[PDB]
Amino acid sequence: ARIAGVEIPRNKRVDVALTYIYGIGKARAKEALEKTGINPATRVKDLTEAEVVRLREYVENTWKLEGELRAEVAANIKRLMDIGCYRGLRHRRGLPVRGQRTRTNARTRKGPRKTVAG
Amino acid sequence: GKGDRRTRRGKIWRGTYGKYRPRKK
Amino acid sequence: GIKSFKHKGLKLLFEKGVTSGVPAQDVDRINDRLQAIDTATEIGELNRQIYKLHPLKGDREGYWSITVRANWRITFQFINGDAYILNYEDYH
Amino acid sequence: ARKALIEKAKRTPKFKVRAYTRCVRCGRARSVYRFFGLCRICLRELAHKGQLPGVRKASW
Amino acid sequence: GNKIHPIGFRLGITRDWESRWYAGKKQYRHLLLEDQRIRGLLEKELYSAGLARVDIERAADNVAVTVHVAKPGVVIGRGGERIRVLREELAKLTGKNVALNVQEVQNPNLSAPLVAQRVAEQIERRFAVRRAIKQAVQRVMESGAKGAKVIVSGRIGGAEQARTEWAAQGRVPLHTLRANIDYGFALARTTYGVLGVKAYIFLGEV
Amino acid sequence: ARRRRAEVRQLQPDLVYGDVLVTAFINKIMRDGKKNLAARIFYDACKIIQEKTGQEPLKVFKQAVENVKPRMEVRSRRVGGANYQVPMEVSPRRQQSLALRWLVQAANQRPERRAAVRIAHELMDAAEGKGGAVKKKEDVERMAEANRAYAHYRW
RNA sequence: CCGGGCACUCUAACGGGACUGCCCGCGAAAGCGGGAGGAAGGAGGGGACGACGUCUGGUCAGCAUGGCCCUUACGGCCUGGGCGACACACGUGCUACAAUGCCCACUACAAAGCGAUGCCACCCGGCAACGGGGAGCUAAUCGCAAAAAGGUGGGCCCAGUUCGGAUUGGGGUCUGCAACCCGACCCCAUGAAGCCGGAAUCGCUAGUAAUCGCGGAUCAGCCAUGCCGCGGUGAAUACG
RNA sequence: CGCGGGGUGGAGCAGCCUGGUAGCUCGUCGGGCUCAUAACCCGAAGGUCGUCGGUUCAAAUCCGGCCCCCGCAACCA
RNA sequence: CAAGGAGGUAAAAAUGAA
Ligand SMILES: [Mg+2]
Ligand SMILES: [Mg+2]
Ligand SMILES: [Mg+2]
Ligand SMILES: [Mg+2]
Ligand SMILES: [Mg+2]
Ligand SMILES: [Mg+2]
Ligand SMILES: [Mg+2]
Ligand SMILES: [Mg+2]
Ligand SMILES: [Mg+2]
Ligand SMILES: [Mg+2]
Ligand SMILES: [Mg+2]
Ligand SMILES: [Zn+2]
């Protein structure tokens with residue numbers, strides 16, 4: 001069911017199916033279905049349409065999620081555009097933000113190795 | 001998941017406690 | 001022209017004139033050698049008898065070695081009129 | 001910086017976190033045991049001397 | 001080479017301590033520093049006595065200090081000085097019961113610290129070291145010893161080349177625990193540097 | 001240089017069976033030193049044997065081992081920078097070890113989901129002479145078969 | 001928990017206890033093999049102990065010390081920066097790629113050590129880190145600690161997936177004068193690479209390898225996945 | 001200046017004629033092996049195809065103009 | 001039982017330091 005921006009997860013437990021949304025994770029998941037009052041271990045296969053409506057209405061509202069909060073997150077990094085701080089430059093150069101070790105490692109932001117040789 | 005900060009197992013390994021591992025009872 | 005240092009003491013003597021990285025009695029010695037390696041346009045100029053010049057062997061291939069004093073040698077790589085990796089090392 | 005540096009180690013004023021341990025027999029700042037007030041080096045010397053009350057070789 | 005200090009190697013069985021007091025934390029550190037400063041202050045103005053040991057015992061403000069010496073010539077009869085303020089100058093940073101005793105080491109030729117110290121004096125007298133070693137060993141061996149061994153290392157007779165002079169008669173088993181082996185050491189200060197003298201003296205046990 | 005001929009290690013007999021063999025098999029199942037999980041899996045699979053066949057697992061397991069026994073194996077030996085492969089006989093100790101090892105390995109090679117059903121099935125297949133371990137056994141004997149040429153080098 | 005008792009367990013101090021002494025066989029002897037003997041054996045299992053000497057080995061930055069040099073300075077104080085830099089290369093490791101596995105709940109079984117300028121029971125707030133209280137403990141008395149793997153129950157169903165946790169946004173807490181460079185945790189949300197490793201390369205022969213947690217030193221705090229120890233479950237194989 | 005052949009990674013060579021794929025050996029770069037070098041093993045990167053035009057949907061390739069290279073020819077008086 | 005004289009012999013693996 002097209003809950004937020006997504007619909008994908010069929011026969012696979014609503015507490016888990018919920019996770020498949022940028023903004024839900026695991027904590028907001030069971031938090032949303034206990035506050036909506038729905039059984040977590042259900043089929044996800046389009047069960048009681050009412051439960052699905054209530055779920056959708058609560059989840060999609062309340063807190064920001066999916067493409068909207070991706071925009072906000074990207075905009076929070078755009079904050080350090082202008083004449084920003086040190087943390088912005090780390091987002092500029094493509095290097096790790098939290099001042100860690102970059103002599104080795106840091107491949108998750110630098111990307112795969114390039115090898116200079118000399 | 002000895003390095004995940006959201007498990008009783010990772011909380012053991014890290015040492016610290018919390019929500020995913022309460023200080024007993 | 002000297003272009004890169006590996007030895008910090010050597011680096012400081014030639015750049016700032018800081019002599020506290022080398023022996024005190026080898027200050028003048030090391031200086032005249034470095035200036036020679038700086039002015040040298042080819043390895044053939046670093047050939048005065050008092051230098052005992054020679055290229056190293058094995059893993060140190062591509063390097064050269066003039067003699068300061070006793071068991072002490074200034075090693076470097078000379079290439080295209082320039083020396084690189086100026087070090088202050090031991091004969092053993 | 002060694003003589004004026006074993007001065008500060010006993011001087012200990014100005015912010016409580018700027019104060020640090022320091023071997024007394026030597027002037028070592030590293031591996032200084034709080035129990036003896038000595039570095040690991042000095043401690044070994046005196047332990048072999050016998051000048052360390054009760055301190056004895058460990059075999060087990 | 002690499003060999004463990006024959007004193008520390010015993011400590012428990014054979015060869016007891018040299019500073020025998022008990023304390024828990026918050027006290028050990030202070031009392032050990034004071035203890036060592038006593039050893040440091042004594043060694044200075046008491047070297048002419050040539051002290052084999054500096055035993056120390058404590059019992060809450062009691063601080064007993066036993067100074068073993070070959071010839072206690074620097075004590076000189078009660079109020080003849082060399083003891084009065086001398087055993088009283090300790091309590092200028094102590095203020096506790098400065099009970100200073102003096103022992104008479106009978107044979108100095110059987111006291112390892114004294115042997116090495118006599119040798120180290122001779123190095124500074126510019127003596128022929130190899131001959132000095134030989135004599136000192138025989139001198140120790142002459143006074144009833146079961147085994148002896150003296151070692152001077154480095155810069156022998158000046159001359160640019162660190163050497164190591166070696167001599168040892170009789171029996172010196174360092175590996176054995178029931179050993180009763182006395183170990184001494186001394187720094188010889190020379191106008192050309194510093195060299196160390198080891199001295200091993202051995203007697204029976206079981 | 002093996003001055004001592006290294007005496008054969010002896011095991012503890014299991015529970016309910018008394019095997020001088022089953023425990024050796026449970027040991028191969030054992031990973032990270034968890035004999036509890038190891039023994040459980042085997043006895044679990046023993047319960048599984050009872051279902052698909054009306055046979056006592058003490059024989060099903062026994063015969064399976066007997067069918068996954070290498071009569072002769074290939075051995076690389078001397079002269080020519082160790083160029084030859086003399087086909088050697090296999091000692092009862094080694095047939096023993098290979099049988100159980102190949103069983104467990106082939107068992108975990110199977111596409112099944114539970115460790116017990118893999119063990120049970122691989123044992124039933126091996127008891128018949130069908131298991132992937134039996135493949136391994138028959139394969140090792142092929143190699144030993146093709147080398148009869150310089151087998152006379154023996155030793 | 002009390003009365004009382006301390007035979008068991010434990011605690012820690014001196015002892016006993018195998019020396020192949022005893023049997024068969026081999027042998028000139030030494031010794032070797034084998035057997036009842038007992039908890040134990042033919043150095044019982046681990047430590048501490050490192051010959052004469054070798055490497056012009058290592059260390060003038062622990063310390064000592066010959067010589068050379070510096071002294072309105074190569075010394076002294078301070079604030080700040082740096083040792084944490086990053087196109088890359090190598091070492092030692094940690095966490096994994098899952099179902100003999102992961103999550104949640106319940107429920108057991110250790111040893112070795114550390115603590116009243118601290119460990120902090122038990123309550124109270126808090127999703128939690130933690131904060132408010134506050135009892136006991138100079139500690140085989142009180143506390144750190146519930147050991148974890150295990151067991152029982154239940155849920156995922158093999159899918160980059162409830163595997164994996166990197167990276168990143170946001171919100172907090174604690175030490176500290178202060179944590180931007182550069183602190184550790186907590187919580188929400190993101191959830192990357194990895195589906196098991198080329199040529200090569202390492203460790204281990206019995207409580208051993210593997211796997212599991214626990215303590216300590218340093219230490220205000222902590223970048224500890226390290227080092228030094230402790231016990232839990234517990235393999236495989238040795239022809240040669 | 002007259003005919004024929006040829007300019008392609010750092011080096012030597014293919015691919016052109018039957019337009020849509022640039023391949024081989026060596027060398028370079030990274031990693032192994034060794035005390036170390038060589039040899040060897042693993043894994044990589046690297047070419048305006050001489051230049052200016054033209055044809056074509058598309059040119060290393062098909063067609064012209066120059067620019068070098070190499071090989072033949074230059075004879076009868 | 002105790003051997004003299006007789007004969008087929010390793011591999012593919014090269015170098016050296018300042
Ligand atoms: Mg011994
Ligand atoms: Mg040297
Ligand atoms: Mg010094
Ligand atoms: Mg550093
Ligand atoms: Mg992938
Ligand atoms: Mg998979
Ligand atoms: Mg062994
Ligand atoms: Mg290479
Ligand atoms: Mg090579
Ligand atoms: Mg003609
Ligand atoms: Mg050559
Ligand atoms: Zn010190």
# chains A, B, ... in the order shown; residues from 1 in each chain; ligands from 1

call {"tool": "interface_residues", "arguments": {"of": "chain C", "to": "chain G", "cutoff": "7 Å", "atoms": "only C-alpha atoms (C1' of nucleotides)", "output": "number ranges by chain"}}
result
C: 20, 24-25

call {"tool": "residues_near_ligand", "arguments": {"ligand": "ligand 9", "cutoff": "10 Å", "atoms": "only C-alpha atoms (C1' of nucleotides) and all ligand atoms", "output": "PDB file with C-alpha atoms (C1' of nucleotides), in the first residue's frame"}}
result
ATOM      1  CA  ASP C  59      67.694  -1.367  -2.641  1.00  0.00           C
TER       2      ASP C  59
ATOM      3  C1'   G H  32      54.346 -10.307  -4.007  1.00  0.00           C
ATOM      4  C1'   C H  33      59.190 -13.673  -3.623  1.00  0.00           C
ATOM      5  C1'   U H  34      64.584 -12.514  -1.391  1.00  0.00           C
ATOM      6  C1'   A H  36      68.865  -7.405  -1.007  1.00  0.00           C
ATOM      7  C1'   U H  37      68.985  -6.965  -6.910  1.00  0.00           C
ATOM      8  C1'   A H  38      67.945  -9.617 -11.124  1.00  0.00           C
ATOM      9  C1'   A H  39      64.845 -13.512 -12.919  1.00  0.00           C
ATOM     10  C1'   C H  40      59.905 -15.139 -11.792  1.00  0.00           C
TER      11        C H  40
END

call {"tool": "residues_near_ligand", "arguments": {"ligand": "ligand 1", "cutoff": "10 Å", "atoms": "only C-alpha atoms (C1' of nucleotides) and all ligand atoms", "output": "MDAnalysis selection string"}}
result
(chainID E and resid 175:177) or (chainID G and resid 49:50)

call {"tool": "write_last_selection", "arguments": {"atoms": "N, CA and C atoms (P, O5', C5', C4', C3', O3' and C1' of nucleotides)", "output": "PDB file, in the first residue's frame"}}
result
ATOM      1  N   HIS E 175      73.033 -19.016  38.652  1.00  0.00           N
ATOM      2  CA  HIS E 175      71.729 -19.598  38.358  1.00  0.00           C
ATOM      3  C   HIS E 175      71.091 -20.259  39.570  1.00  0.00           C
ATOM      4  N   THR E 176      71.921 -20.714  40.501  1.00  0.00           N
ATOM      5  CA  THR E 176      71.423 -21.414  41.676  1.00  0.00           C
ATOM      6  C   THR E 176      70.756 -20.457  42.674  1.00  0.00           C
ATOM      7  N   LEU E 177      69.680 -20.920  43.302  1.00  0.00           N
ATOM      8  CA  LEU E 177      68.918 -20.091  44.233  1.00  0.00           C
ATOM      9  C   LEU E 177      69.526 -20.059  45.634  1.00  0.00           C
TER      10      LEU E 177
ATOM     11  P     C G  49      63.343 -14.360  34.657  1.00  0.00           P
ATOM     12  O5'   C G  49      64.482 -15.444  34.908  1.00  0.00           O
ATOM     13  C5'   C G  49      65.498 -15.197  35.864  1.00  0.00           C
ATOM     14  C4'   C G  49      66.340 -16.418  36.118  1.00  0.00           C
ATOM     15  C3'   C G  49      67.299 -16.832  35.021  1.00  0.00           C
ATOM     16  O3'   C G  49      68.466 -16.031  34.980  1.00  0.00           O
ATOM     17  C1'   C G  49      66.182 -18.736  35.854  1.00  0.00           C
ATOM     18  P     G G  50      68.641 -14.935  33.815  1.00  0.00           P
ATOM     19  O5'   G G  50      69.103 -15.795  32.561  1.00  0.00           O
ATOM     20  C5'   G G  50      70.001 -16.887  32.708  1.00  0.00           C
ATOM     21  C4'   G G  50      70.531 -17.342  31.373  1.00  0.00           C
ATOM     22  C3'   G G  50      71.232 -16.251  30.574  1.00  0.00           C
ATOM     23  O3'   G G  50      72.267 -16.819  29.774  1.00  0.00           O
ATOM     24  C1'   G G  50      69.297 -16.971  29.407  1.00  0.00           C
TER      25        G G  50
END

call {"tool": "residues_around", "arguments": {"residues": "residue 8 of chain B", "least_positions_apart": "5", "cutoff": "12 Å", "atoms": "only C-alpha atoms (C1' of nucleotides)", "output": "list in words"}}
result
residues 1, 2, 3, 13, 14, 15, 16, 17, 18, 19, 20, 21, 22, 23 and 24 of chain B; 103, 104 and 148 of chain G

call {"tool": "residues_near_ligand", "arguments": {"ligand": "ligand 8", "cutoff": "8 Å", "atoms": "only C-alpha atoms (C1' of nucleotides) and all ligand atoms", "output": "PyMOL selection string"}}
result
chain H and resi 29-31

call {"tool": "residues_near_ligand", "arguments": {"ligand": "ligand 10", "cutoff": "12 Å", "atoms": "only C-alpha atoms (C1' of nucleotides) and all ligand atoms", "output": "MDAnalysis selection string"}}
result
chainID H and resid 75:77

call {"tool": "select_by_dssp", "arguments": {"residues": "chain C", "states": "alpha helix (DSSP H)", "output": "PyMOL selection string"}}
result
chain C and resi 8-15+27-39

call {"tool": "residues_around", "arguments": {"residues": "residue 34 of chain D", "least_positions_apart": "6", "cutoff": "9 Å", "atoms": "only C-alpha atoms (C1' of nucleotides)", "output": "count of residues only"}}
result
3

call {"tool": "residues_around", "arguments": {"residues": "residue 90 of chain C", "least_positions_apart": "2", "cutoff": "10 Å", "atoms": "only C-alpha atoms (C1' of nucleotides)", "output": "number ranges by chain"}}
result
C: 70-75, 87-88, 92

call {"tool": "residues_near_ligand", "arguments": {"ligand": "ligand 4", "cutoff": "12 Å", "atoms": "only C-alpha atoms (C1' of nucleotides) and all ligand atoms", "output": "list in words"}}
result
residues 101 of chain A; 82, 83 and 84 of chain G

call {"tool": "write_last_selection", "arguments": {"atoms": "N, CA, C and O atoms (P, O5', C5', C4', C3', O3' and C1' of nucleotides)", "output": "PDB file, in the first residue's frame"}}
result
ATOM      1  N   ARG A 101      40.834   9.844  11.250  1.00  0.00           N
ATOM      2  CA  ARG A 101      42.072   9.538  10.553  1.00  0.00           C
ATOM      3  C   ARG A 101      41.825   9.465   9.053  1.00  0.00           C
ATOM      4  O   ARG A 101      40.941   8.734   8.602  1.00  0.00           O
TER       5      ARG A 101
ATOM      6  P     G G  82      45.332  22.186  15.190  1.00  0.00           P
ATOM      7  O5'   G G  82      46.745  21.483  14.954  1.00  0.00           O
ATOM      8  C5'   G G  82      47.442  21.635  13.723  1.00  0.00           C
ATOM      9  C4'   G G  82      48.865  21.137  13.814  1.00  0.00           C
ATOM     10  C3'   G G  82      49.040  19.706  14.292  1.00  0.00           C
ATOM     11  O3'   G G  82      48.825  18.752  13.272  1.00  0.00           O
ATOM     12  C1'   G G  82      50.540  21.100  15.455  1.00  0.00           C
ATOM     13  P     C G  83      47.926  17.456  13.568  1.00  0.00           P
ATOM     14  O5'   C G  83      48.917  16.455  14.313  1.00  0.00           O
ATOM     15  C5'   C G  83      50.059  15.943  13.648  1.00  0.00           C
ATOM     16  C4'   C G  83      51.067  15.381  14.616  1.00  0.00           C
ATOM     17  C3'   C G  83      50.676  14.098  15.329  1.00  0.00           C
ATOM     18  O3'   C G  83      50.858  12.948  14.524  1.00  0.00           O
ATOM     19  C1'   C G  83      51.617  15.623  16.877  1.00  0.00           C
ATOM     20  P     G G  84      50.110  11.629  14.893  1.00  0.00           P
ATOM     21  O5'   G G  84      48.613  12.149  14.990  1.00  0.00           O
ATOM     22  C5'   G G  84      48.110  13.135  14.071  1.00  0.00           C
ATOM     23  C4'   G G  84      46.673  12.825  13.708  1.00  0.00           C
ATOM     24  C3'   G G  84      45.990  13.783  12.738  1.00  0.00           C
ATOM     25  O3'   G G  84      44.944  13.059  12.116  1.00  0.00           O
ATOM     26  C1'   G G  84      44.782  13.748  14.726  1.00  0.00           C
TER      27        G G  84
END

call {"tool": "residues_near_ligand", "arguments": {"ligand": "ligand 12", "cutoff": "9 Å", "atoms": "only C-alpha atoms (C1' of nucleotides) and all ligand atoms", "output": "PyMOL selection string"}}
result
(chain D and resi 22-30+32+37-43) or (chain G and resi 62-63)

call {"tool": "residues_near_ligand", "arguments": {"ligand": "ligand 11", "cutoff": "9 Å", "atoms": "only C-alpha atoms (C1' of nucleotides) and all ligand atoms", "output": "PDB file with C-alpha atoms (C1' of nucleotides), in the first residue's frame"}}
result
ATOM      1  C1'   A H  38      67.945  -9.617 -11.124  1.00  0.00           C
TER       2        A H  38
ATOM      3  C1'   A I  14      72.577 -15.370 -11.657  1.00  0.00           C
ATOM      4  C1'   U I  15      74.636 -11.567  -8.859  1.00  0.00           C
ATOM      5  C1'   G I  16      76.636  -8.312  -4.057  1.00  0.00           C
TER       6        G I  16
END

call {"tool": "select_by_dssp", "arguments": {"residues": "chain F", "states": "strand (DSSP E)", "output": "MDAnalysis selection string"}}
result
chainID F and resid 72:76 85:89

call {"tool": "write_last_selection", "arguments": {"atoms": "C-alpha atoms", "output": "PDB file, in the first residue's frame"}}
result
ATOM      1  CA  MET F  72      43.459 -46.154  -1.525  1.00  0.00           C
ATOM      2  CA  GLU F  73      44.498 -42.514  -1.963  1.00  0.00           C
ATOM      3  CA  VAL F  74      47.085 -40.619  -4.033  1.00  0.00           C
ATOM      4  CA  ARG F  75      50.345 -39.547  -2.409  1.00  0.00           C
ATOM      5  CA  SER F  76      52.863 -37.091  -3.859  1.00  0.00           C
ATOM      6  CA  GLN F  85      52.049 -39.139  -7.114  1.00  0.00           C
ATOM      7  CA  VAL F  86      52.258 -42.675  -5.737  1.00  0.00           C
ATOM      8  CA  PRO F  87      48.832 -44.161  -5.007  1.00  0.00           C
ATOM      9  CA  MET F  88      49.080 -45.384  -1.423  1.00  0.00           C
ATOM     10  CA  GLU F  89      46.855 -47.532   0.752  1.00  0.00           C
TER      11      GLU F  89
END

call {"tool": "residues_near_ligand", "arguments": {"ligand": "ligand 3", "cutoff": "12 Å", "atoms": "only C-alpha atoms (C1' of nucleotides) and all ligand atoms", "output": "MDAnalysis selection string"}}
result
(chainID D and resid 1:2) or (chainID G and resid 59:65)

call {"tool": "write_last_selection", "arguments": {"atoms": "N, CA and C atoms (P, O5', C5', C4', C3', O3' and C1' of nucleotides)", "output": "PDB file, in the first residue's frame"}}
result
ATOM      1  N   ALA D   1      64.503  21.658  27.373  1.00  0.00           N
ATOM      2  CA  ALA D   1      63.340  21.478  28.230  1.00  0.00           C
ATOM      3  C   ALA D   1      63.377  20.144  28.975  1.00  0.00           C
ATOM      4  N   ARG D   2      63.999  20.143  30.153  1.00  0.00           N
ATOM      5  CA  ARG D   2      63.930  19.004  31.072  1.00  0.00           C
ATOM      6  C   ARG D   2      63.942  19.468  32.528  1.00  0.00           C
TER       7      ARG D   2
ATOM      8  P     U G  59      69.722   3.482  18.870  1.00  0.00           P
ATOM      9  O5'   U G  59      69.317   4.520  20.009  1.00  0.00           O
ATOM     10  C5'   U G  59      68.000   4.581  20.533  1.00  0.00           C
ATOM     11  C4'   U G  59      68.008   4.452  22.038  1.00  0.00           C
ATOM     12  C3'   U G  59      68.849   5.465  22.806  1.00  0.00           C
ATOM     13  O3'   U G  59      68.155   6.681  23.039  1.00  0.00           O
ATOM     14  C1'   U G  59      69.160   3.259  23.687  1.00  0.00           C
ATOM     15  P     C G  60      68.479   7.991  22.170  1.00  0.00           P
ATOM     16  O5'   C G  60      69.174   8.986  23.197  1.00  0.00           O
ATOM     17  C5'   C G  60      70.536   8.808  23.566  1.00  0.00           C
ATOM     18  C4'   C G  60      70.947   9.743  24.674  1.00  0.00           C
ATOM     19  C3'   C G  60      70.940  11.230  24.318  1.00  0.00           C
ATOM     20  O3'   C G  60      70.519  11.998  25.447  1.00  0.00           O
ATOM     21  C1'   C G  60      73.131  10.566  24.964  1.00  0.00           C
ATOM     22  P     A G  61      69.399  13.144  25.281  1.00  0.00           P
ATOM     23  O5'   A G  61      68.010  12.355  25.250  1.00  0.00           O
ATOM     24  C5'   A G  61      67.432  11.847  26.450  1.00  0.00           C
ATOM     25  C4'   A G  61      66.051  11.268  26.241  1.00  0.00           C
ATOM     26  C3'   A G  61      65.964  10.023  25.359  1.00  0.00           C
ATOM     27  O3'   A G  61      64.922   9.186  25.846  1.00  0.00           O
ATOM     28  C1'   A G  61      64.575  11.694  24.489  1.00  0.00           C
ATOM     29  P     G G  62      65.256   7.722  26.405  1.00  0.00           P
ATOM     30  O5'   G G  62      64.579   7.739  27.842  1.00  0.00           O
ATOM     31  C5'   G G  62      63.852   8.881  28.275  1.00  0.00           C
ATOM     32  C4'   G G  62      63.732   8.932  29.777  1.00  0.00           C
ATOM     33  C3'   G G  62      64.924   9.482  30.547  1.00  0.00           C
ATOM     34  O3'   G G  62      64.948  10.897  30.573  1.00  0.00           O
ATOM     35  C1'   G G  62      64.216   7.474  31.542  1.00  0.00           C
ATOM     36  P     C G  63      66.332  11.697  30.757  1.00  0.00           P
ATOM     37  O5'   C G  63      67.119  10.905  31.895  1.00  0.00           O
ATOM     38  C5'   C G  63      66.912  11.198  33.268  1.00  0.00           C
ATOM     39  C4'   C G  63      67.722  10.281  34.152  1.00  0.00           C
ATOM     40  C3'   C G  63      69.226  10.491  34.136  1.00  0.00           C
ATOM     41  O3'   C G  63      69.640  11.575  34.950  1.00  0.00           O
ATOM     42  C1'   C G  63      68.757   8.188  33.927  1.00  0.00           C
ATOM     43  P     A G  64      70.702  12.647  34.393  1.00  0.00           P
ATOM     44  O5'   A G  64      72.110  11.965  34.684  1.00  0.00           O
ATOM     45  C5'   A G  64      72.408  11.442  35.967  1.00  0.00           C
ATOM     46  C4'   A G  64      73.541  10.452  35.905  1.00  0.00           C
ATOM     47  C3'   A G  64      74.800  10.928  35.199  1.00  0.00           C
ATOM     48  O3'   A G  64      75.624  11.724  36.034  1.00  0.00           O
ATOM     49  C1'   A G  64      74.223   8.774  34.416  1.00  0.00           C
ATOM     50  P     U G  65      76.073  13.194  35.570  1.00  0.00           P
ATOM     51  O5'   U G  65      77.304  12.912  34.598  1.00  0.00           O
ATOM     52  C5'   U G  65      78.387  12.093  35.023  1.00  0.00           C
ATOM     53  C4'   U G  65      79.095  11.435  33.863  1.00  0.00           C
ATOM     54  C3'   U G  65      79.549  12.356  32.743  1.00  0.00           C
ATOM     55  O3'   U G  65      80.762  13.024  33.037  1.00  0.00           O
ATOM     56  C1'   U G  65      78.464  10.469  31.821  1.00  0.00           C
TER      57        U G  65
END

call {"tool": "residues_around", "arguments": {"residues": "residue 113 of chain F", "least_positions_apart": "4", "cutoff": "12 Å", "atoms": "only C-alpha atoms (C1' of nucleotides)", "output": "PDB file with C-alpha atoms (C1' of nucleotides), in the first residue's frame"}}
result
ATOM      1  CA  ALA F 107      26.524 -32.103   4.607  1.00  0.00           C
ATOM      2  CA  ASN F 108      27.078 -28.345   4.849  1.00  0.00           C
ATOM      3  CA  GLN F 109      27.437 -28.243   1.059  1.00  0.00           C
ATOM      4  CA  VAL F 117      18.284 -32.138   7.950  1.00  0.00           C
ATOM      5  CA  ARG F 118      21.561 -31.767   6.057  1.00  0.00           C
ATOM      6  CA  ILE F 119      23.280 -34.267   8.342  1.00  0.00           C
ATOM      7  CA  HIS F 121      19.946 -36.605   4.486  1.00  0.00           C
TER       8      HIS F 121
ATOM      9  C1'   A G  99      20.180 -19.949   9.704  1.00  0.00           C
ATOM     10  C1'   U G 100      25.941 -25.101  13.753  1.00  0.00           C
ATOM     11  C1'   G G 101      22.695 -17.416  12.304  1.00  0.00           C
ATOM     12  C1'   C G 157      13.072 -17.516   6.209  1.00  0.00           C
ATOM     13  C1'   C G 158      17.459 -16.804   3.224  1.00  0.00           C
TER      14        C G 158
END

call {"tool": "residues_near_ligand", "arguments": {"ligand": "ligand 6", "cutoff": "9 Å", "atoms": "only C-alpha atoms (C1' of nucleotides) and all ligand atoms", "output": "ChimeraX atom specification"}}
result
/G:97-98,158-161,163,195

call {"tool": "residues_around", "arguments": {"residues": "residue 24 of chain H", "least_positions_apart": "4", "cutoff": "12 Å", "atoms": "only C-alpha atoms (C1' of nucleotides)", "output": "list in words"}}
result
residues 12, 13, 14 and 15 of chain H

call {"tool": "write_last_selection", "arguments": {"atoms": "C-alpha atoms (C1' of nucleotides)", "output": "PDB file, in the first residue's frame"}}
result
ATOM      1  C1'   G H  12      59.199  -2.425 -32.228  1.00  0.00           C
ATOM      2  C1'   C H  13      54.964  -4.292 -34.691  1.00  0.00           C
ATOM      3  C1'   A H  14      49.657  -5.639 -36.317  1.00  0.00           C
ATOM      4  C1'   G H  15      44.495  -3.680 -37.569  1.00  0.00           C
TER       5        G H  15
END

call {"tool": "residues_near_ligand", "arguments": {"ligand": "ligand 7", "cutoff": "10 Å", "atoms": "only C-alpha atoms (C1' of nucleotides) and all ligand atoms", "output": "list in words"}}
result
residues 204, 205 and 208 of chain G

call {"tool": "atom_distance", "arguments": {"atom1": "atom CA of residue 62 of chain E", "atom2": "atom CA of residue 10 of chain D"}}
result
27.6 Å
